[PDB]
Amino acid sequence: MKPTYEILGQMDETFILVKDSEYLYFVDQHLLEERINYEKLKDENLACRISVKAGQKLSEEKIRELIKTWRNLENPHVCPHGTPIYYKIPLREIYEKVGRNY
């Protein structure tokens, strides 16, 4: 994700929505914190058990911290168990569906 981005908020207390000029990302809060903790601790089970779970509301500040850190991970793409950390939509698919150039 590009360095200029806009955080749109939490969805279902499970995903952080954040976009740059190319994609809208839906970032799984548990998988992201688990990757952050795993890269620090190098322990898959420990990183999992201490991380936030889906269904927890997160503050705006905590959300900003997580997204900032996501960009600097060695592996921002998959958690230690191999699950994708996020789903992404190219913004072009949204614009093109309504007939707008992008």
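One-based numbering along the sequence shown.
> Looking at the deposited entry, does 76-84 or 10-18 carry the larger mean Cα B-factor?
Replying inline: Comparing averages over the C-alpha atoms only gives 76-84.
> Which of the two stretches, 25-33 or 50-58, shows the higher mean Cα temperature factor in the record?
Replying inline: The deposited B-factors put 50-58 ahead on the C-alpha mean.
> What third of its chain's C-alpha B-factors does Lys2 belong to: lowest, middle or highest?
Replying inline: Answer is highest: the recorded C-alpha B-factor places it there.
> Which third, lowest, middle or highest, does the CA B-factor of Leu41 fall in along this chain?
Replying inline: Top third by C-alpha B-factor.
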